[PDB]
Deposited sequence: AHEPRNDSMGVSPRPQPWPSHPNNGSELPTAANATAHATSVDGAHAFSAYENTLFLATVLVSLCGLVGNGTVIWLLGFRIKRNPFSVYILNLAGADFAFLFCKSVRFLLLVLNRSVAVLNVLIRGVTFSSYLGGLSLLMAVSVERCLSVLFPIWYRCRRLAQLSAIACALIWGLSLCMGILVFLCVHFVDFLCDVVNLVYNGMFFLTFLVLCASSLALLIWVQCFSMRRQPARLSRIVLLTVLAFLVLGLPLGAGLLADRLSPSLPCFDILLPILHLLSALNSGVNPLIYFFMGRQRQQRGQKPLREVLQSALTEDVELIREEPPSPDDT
């Protein structure tokens, strides 16, 4: 049924993510490449854990506690997974509005600091929401808002950056797609959070989930493919 290809498509996405983490590390290192490498690594961790879940579930020779690990890291694979794009897009705009600053006066390690600080504020507040989503019933509800706040602004900023670059390229085919390429990468991650936070609102995807898990695998399917076209 679904797992006939869902495992296959997920493994294909895993292979593609290995391919992109491999090509980016053997190609020259530029500030945008650090962020793309980090995004590929995040998707690598998520898909490796997911594939381990398929391995331990199809064989069933486990306790299905990896699931408890997945949800709890997922809320961090979203925020960071969006924030990184946010970061990149902002940096992308800074590459054109302030070219001398970006080429000359920018800290070479600023990319590797903004990444690993995004994660430092992605999981630190992302694992915490899991520690608050299920464990505590009626408390730390304001904290949840922060996660949906820091997310929302991020998404907005991403748009407010990406569209900006568009209006800069029209105030200046393959080039055009790249500019808003990253935003379609943010297309699922905004939706996945919308799916996750509104799953109890309209829960009827028990049958769809096996297809959705394929779709999520399909979500991870073209994800390494677009890492190349917008990271070549």
| query | finding |
| --- | --- |
| Gaps in the model, given as deposited-sequence positions counted from residue 1 | 1 to 52, 78, 226 to 235, 296 to 330 |
